[PDB]
Amino acid sequence: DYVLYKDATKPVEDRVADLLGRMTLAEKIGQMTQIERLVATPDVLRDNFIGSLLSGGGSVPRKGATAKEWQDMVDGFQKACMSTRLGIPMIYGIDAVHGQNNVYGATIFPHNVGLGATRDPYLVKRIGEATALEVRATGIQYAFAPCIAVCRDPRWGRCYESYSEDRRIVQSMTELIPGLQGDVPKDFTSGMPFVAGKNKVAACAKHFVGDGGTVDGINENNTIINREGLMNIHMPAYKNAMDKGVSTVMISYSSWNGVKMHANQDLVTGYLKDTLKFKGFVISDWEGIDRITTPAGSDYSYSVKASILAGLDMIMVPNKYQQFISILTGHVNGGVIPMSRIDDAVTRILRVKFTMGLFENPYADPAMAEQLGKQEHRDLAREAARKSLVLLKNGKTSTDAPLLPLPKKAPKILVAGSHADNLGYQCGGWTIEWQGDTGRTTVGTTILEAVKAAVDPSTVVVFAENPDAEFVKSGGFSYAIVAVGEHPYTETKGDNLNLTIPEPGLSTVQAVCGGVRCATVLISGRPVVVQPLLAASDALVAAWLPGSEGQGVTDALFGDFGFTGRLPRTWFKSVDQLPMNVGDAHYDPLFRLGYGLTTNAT
Ligand SMILES: *[C@@H]1O[C@H](CO)[C@@H](O[C@@H]2O[C@H](CO)[C@@H](O[C@@H]3O[C@H](CO[C@H]4O[C@H](CO)[C@@H](O)[C@H](O)[C@@H]4O[C@@H]4O[C@H](CO)[C@@H](O)[C@H](O)[C@H]4NC(C)=O)[C@@H](O)[C@H](O)[C@@H]3O)[C@H](O)[C@H]2NC(C)=O)[C@H](O[C@@H]2O[C@@H](C)[C@@H](O)[C@@H](O)[C@@H]2O)[C@H]1NC(C)=O
Ligand SMILES: *[C@@H]1O[C@H](CO)[C@@H](O[C@@H]2O[C@H](CO)[C@@H](O[C@@H]3O[C@H](CO)[C@@H](O)[C@H](O)[C@@H]3O)[C@H](O)[C@H]2NC(C)=O)[C@H](O)[C@H]1NC(C)=O
Ligand SMILES: OC[C@H]1O[C@@H](O)[C@H](O)[C@@H](O)[C@@H]1O
């Protein structure tokens with residue numbers, strides 16, 4: 001007879017109810033299971049009724065794989081899932097945190113910290129629209145973005161994934177969600193999930209909650225703050241995500257006053273679901289439940305019990321799915337976990353899939369392939385790269401002539417630094433590889449290339465990664481652009497207590513600037529010790545992690561546009577002042593939050 005859930009003309013809730021009612025325990029626990037493609041098989045997906053797959057950082061089909069290759073990989077897994085008794089489509093997730101960053105040829109936008117410096121929410125929303133298009137270009141339908149953590153300590157390896165230390169700014173930047181998922185109807189009830197159609201993707205507000213407030217900025221650590229502060233600083237943006245219909249929420253590895261978020265029923269169920277009335281689905285982080293215990297995994301049984309009872313709906317195992325499914329099954333069969341907990345979880349997961357139209361469009365659209373790296377997206381990224389730059393100095397003394405903007409026509413100029421012609425360094429973490437990489441890892445324009453593409457034909461451009469003072473003094477240069485900074489890094493690898501850039505960096509700038517007026521471009525994912533650099537430079541710009549479009553940097557350096565960016569964070573004098581954010585008692589910053597010198601287009 002008529003199968004309600006397969007009828008695309010019926011209300012979502014009706015379809016969810018109808019489907020849930022036909023599911024066996026194995027099929028329900030299956031929807032709650034997300035596995036890495038690396039361990040996925042047509043059989044595994046089919047026999048285990050897997051409800052979701054994902055690519056962790058760097059998990060790709062081949063290096064340099066095309067958009068069709070991705071589409072073919074996803075469709076391949078989907079066909080397996082579509083062959084199950086019920087034919088429930090799987091949802092594929094990936095970290096498109098600044099463009100479809102794992103994919104070769106994808107547009108790499110500036111990381112979040114730089115986007116906050118723009119103070120332009122509409123721009124960010126536009127990036128979310130381009131990102132969605134480029135993710136769908138590879139056949140993926142779910143992006144683990146945006147990270148709305150409010151980084152309160154630069155020493156945190158993930159501080160560049162935070163728009164700012166000021167919740168008010170992070171709240172405003174949640175416009176990425178409507179960009180990725182599409183605008184919600186005027187009626188829309190806050191808390192409901194939403195995705196416009198096959199050209200949009202499900203989003204994910206992460207990492208619930210307070211992930212940006214751990215002590216000393218130690219990643220995945222403990223966040224010590226009273227409930228007033230947790231709600232005043234780290235919770236706000238989530239309420240905005242609710243109003244904008246974010247489809248999912250990822251739980252943080254971090255703890256709040258000693259309690260693991262992956263096991264906090266009060267926050268996940270009591271607050272996020274019951275209070276904010278989130279109706280989408282809550283997903284864990286990579287082995288998130290494993291790390292509830294210490295050692296991690298030392299008691300997987302407890303991990304599953306605690307996380308599921310806490311309220312989580314879908315688990316990112318992401319490898320040992322047999323162990324996960326087996327253990328959860330046992331608990332349900334034994335009454336440790338009620339069917340209502342399972343049904344609730346499966347209800348939310350199915351609601352999201354039906355709402356985004358997954359049952360109507362389970363497969364990739366080949367016509368979307370060309371969205372990947374579309375020039376207009378790169379132009380957008382270029383605009384964002386430019387708008388994110390923060391000019392911290394433009395002249396050694398009050399009477400000096402402003403070095404910037406630089407003339408496009410000069411007899412001979414010098415471009416130097418470890419970051420002047422290194423695309424990988426320019427993009428930072430989460431680019432091609434998980435921890436990011438060095439060199440020409442994808443399609444883009446480095447600072448050097450951008451310079452060569454901007455100057456007048458008569459302008460000779462010389463490149464020298466690390467020239468000694470002599471080479472510069474006798475080079476006959478009119479001026480120099482030196483680029484130095486941090487190396488790509490992600491998560492814990494990023495935790496840093498000294499926050500000083502790797503060498504050669506300062507030495508190159510001191511060598512170059514000592515020989516000719518220089519404009520230093522600082523590539524970093526957060527504020528770093530900068531007094532020495534300032535001392536040697538005539539002009540210094542904080543470019544953060546610009547992305548693949550280096551011309552955005554030269555668009556400001558040469559005057560095609562004036563600098564407009566303002567600090568999204570506080571720039572400290574020394575690391576032992578930290579923590580130290582705006583509104584603090586001992587606020588003694590080198591540069592207040594909101595600081596930024598400006599220039600006018602020539
Ligand atoms: C302030 O604290 C931080 C700690 O977070 C510290 O940085 C870390 O230092 C670790 C050593 O104690 C280092 O671990 C070793 O890394 C080796 C490989 O390192 C290279 O490759 C990784 C992988 O991409 C990069 O992240 C590194 O930056 C490094 O990259 C090379 O660096 C050189 C020198 O700058 C450069 O010329 C190369 O071109 C560049 N190549 C690449 C790959 O881009 C391993 O082989 C070894 O087994 C250890 O694991 C950490 O990687 C590093 N963290 C990061 C992300 O930088 C920092 O230390 C300073 O900086 C490092 C790079 C090194 O030069 C130290 O001597 C220097 O002191 C510390 N600063 C202070 C004030 O001490
Ligand atoms: C926040 O981070 C600190 C680390 O900076 C965590 O404390 C550290 O916890 C580990 C184990 O969890 C301790 O490691 C040692 O491991 C060996 C290996 O078996 C064991 O035999 C030792 O007895 C010891 O456990 C480490 O000593 C400890 N270090 C500190 C600074 O106390 C802390 O648990 C983290 N908190 C959260 C909420 O994540
Ligand atoms: O790879 C997927 C996930 O990996 C985890 O390690 C990170 O904490 C998440 O932000 C990310 O979405």
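All of this is worked out from the model, or read from it or from the source named; no laboratory instrument gave them. Here the Cβ is made from the backbone with ideal geometry for all residues, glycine too, and neighbour counts use every protein chain on show.
When you scan the range 515-555, how many residues do you find that are within 25 Å of the chain's Cα centre (by Cα) and either outside the structural domain of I447 (by CATH) or not β-branched (V, I, T) (or both)?
17
Only one of (1) within 18 Å of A205 (Cα to Cα); (2) in contact with a strand residue (DSSP E or B) (Cβ under 7 Å, 6 or more places away or on another chain) is not met by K273, so which one is it?
Every listed condition holds for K273 apart from (2).
Taking the options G514, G475, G525, name whichever one is more than 16 Å from ligand 2 (Cβ to nearest atom) and within 30 Å of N581 (Cα to Cα).
Checking each option against the conditions leaves just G525.
Answer yes if at least one residue in the range 134-144 is within 16 Å of the chain's Cα centre (by Cα) and assigned to a helix (DSSP H, G or I), and no otherwise.
yes
Only one of (1) away from ligand 2 (no atom under 16 Å from the Cβ); (2) closer than 24 Å to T492 by Cβ is not met by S255, so which one is it?
With (1) away from ligand 2 (no atom under 16 Å from the Cβ); (2) closer than 24 Å to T492 by Cβ applied to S255, the lone miss is (1).
Could you please give the count of residues in the range 227-238 that are free of Cβ contacts under 8 Å to residues at least 60 places away in the same chain and either out of contact with any strand residue (DSSP E or B) (no Cβ under 7 Å at 6 or more places or on another chain) or within 16 Å of ligand 3 (Cβ to nearest atom) (or both)?
Looking only at that region, the number is 5.
Here is a list: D47, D14, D72, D43. Which entry is surrounded by fewer than 18 Cβ atoms within 10 Å (Cβ to Cβ), assigned by CATH to the domain that holds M356 and touching an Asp or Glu at 6+ places or on another chain (Cβ under 9 Å)?
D14
Considering the range 494-542 alone, what residues qualify as being within 14 Å of ligand 1 (Cβ to nearest atom) and in a helix (DSSP H, G or I)?
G494, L506, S507, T508, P532
Here's the yes/no breakdown for (1) over 23 Å from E360 (Cα atoms); (2) of a type in the set (F, W, Y); (3) in contact with a strand residue (DSSP E or B) (Cβ under 9 Å, 6 or more places away or on another chain); (4) assigned to a loop (DSSP other than H, G, I, E, B):
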residue	(1), (2), (3), (4)
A65	yes, no, no, yes
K68	no, no, no, no
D72	no, no, no, no
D75	no, no, no, no
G87	no, no, no, yes
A96	yes, no, yes, yes
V103	yes, no, yes, yes
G114	yes, no, yes, no
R119	yes, no, no, yes
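Would you point out the residue of the range 267-287, among those that are assigned to a loop (DSSP other than H, G, I, E, B) and touching a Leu at 6+ places or on another chain (Cβ under 8 Å), that is surrounded by the most Cβ atoms within 10 Å (Cβ to Cβ)?
Going through the qualifying residues, I end up with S284.
Among the residues in the range 159-174, are any surrounded by fewer than 24 Cβ atoms within 10 Å (Cβ to Cβ), of a type outside the set (S, T, N, Q), assigned to a loop (DSSP other than H, G, I, E, B) and away from ligand 3 (no atom under 14 Å from the Cβ)?
yes
Could you please tell me which pairs satisfy a Cβ distance under 6 Å, a separation of 6+ or placement on different chains, a first residue in the range 338-367 that is touching a residue at least 40 places away in the same chain (Cβ under 8 Å), and a second residue that is among the hydroxyl-bearing types (S, T, Y)?
Cβ pairs passing all conditions: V352/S247.
Which members of the range 462-477 meet the condition of being surrounded by 16 or more Cβ atoms within 10 Å (Cβ to Cβ) and closer than 22 Å to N394 by Cα?
Selection gives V472, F477.
I'd like the residue in the range 44-99 that is within 25 Å of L4 (Cβ to Cβ) and aliphatic (A, V, I, L, M) and, out of all such residues, is nearest to ligand 3 (Cβ to nearest atom).
If we take residues in the range 44-99 being within 25 Å of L4 (Cβ to Cβ) and aliphatic (A, V, I, L, M), then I91 is nearest to ligand 3 (Cβ to nearest atom).
Could you tell me how many of the residues in the range 486-497 are more than 16 Å from ligand 2 (Cβ to nearest atom) and over 7 Å from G157 (Cα atoms)?
4
Every residue, every condition in (1) surrounded by 20 or more Cβ atoms within 10 Å (Cβ to Cβ); (2) farther than 22 Å from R15 by Cα; (3) under 26 Å from the mean Cα position of the chain (by Cα); (4) hydrophobic (A, V, I, L, M, F, W, C), yes or no:
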site	(1), (2), (3), (4)
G311	yes, yes, yes, no
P318	yes, yes, yes, no
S326	no, yes, no, no
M339	no, no, no, yes
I342	yes, no, no, yes
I349	yes, no, yes, yes
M356	yes, no, yes, yes
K374	no, yes, yes, no
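If you go through the range 205-226 one residue at a time, do you hit one that is under 30 Å from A8 (Cα atoms), in a loop (DSSP other than H, G, I, E, B) and either free of Cβ contacts under 8 Å to residues at least 60 places away in the same chain or within 14 Å of ligand 3 (Cβ to nearest atom) (or both)?
no
Condition test on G436, is it surrounded by 17 or more Cβ atoms within 10 Å (Cβ to Cβ), assigned by CATH to the domain that holds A511, in contact with a strand residue (DSSP E or B) (Cβ under 8 Å, 6 or more places away or on another chain) and touching a residue at least 12 places away in the same chain (Cβ under 8 Å)?
No.
Is it the case that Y489 is within 16 Å of ligand 3 (Cβ to nearest atom) and among the aromatic types (F, W, Y)?
Yes; evaluated as a whole, the condition is true for this residue.
If we keep just the residues of the range 288-297 that are surrounded by 17 or more Cβ atoms within 10 Å (Cβ to Cβ) and more than 23 Å from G30 (Cβ to Cβ), which is farthest from ligand 1 (Cβ to nearest atom)?
Applying the filter and picking the extreme gives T293.
Check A237, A196 and return the single one that is under 30 Å from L578 (Cα atoms), of a type in the set (A, V, I, L, M, F, W, C) and more than 16 Å from ligand 1 (Cβ to nearest atom).
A237
For the range 240-259: of the residues being in a strand (DSSP E or B) and either small (G, A, S) or touching a residue at least 24 places away in the same chain (Cβ under 8 Å) (or both), which is nearest to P178 (Cα to Cα)?
Once the filter is applied, the top-ranked residue is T248.
Given the options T554, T564, name the one that is surrounded by 16 or more Cβ atoms within 10 Å (Cβ to Cβ), assigned to a loop (DSSP other than H, G, I, E, B) and hydroxyl-bearing (S, T, Y).
That would be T564, the only listed residue that is surrounded by 16 or more Cβ atoms within 10 Å (Cβ to Cβ), assigned to a loop (DSSP other than H, G, I, E, B) and hydroxyl-bearing (S, T, Y).
Being of a type in the set (V, I, T) and in contact with a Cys (Cβ under 9 Å, 6 or more places away or on another chain) narrows it down to one residue among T275, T248, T293; which is it?
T248
Would you point out the residue of the range 478-493, among those that are touching a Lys or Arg at 6+ places or on another chain (Cβ under 7 Å) and away from ligand 1 (no atom under 16 Å from the Cβ), that is nearest to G395 (Cα to Cα)?
The qualifying residue nearest to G395 (Cα to Cα) is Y479.
Does any residue in the range 461-475 that is in contact (Cβ under 8 Å) with a residue 40 or more places away in the chain come within less than 9 Å, Cβ to Cβ, of a residue that is aromatic (F, W, Y) and outside any loop (DSSP other than H, G, I, E, B) six or more places away or on a different chain, and which pairs are these?
Every condition considered, the pairs that remain are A464/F471.
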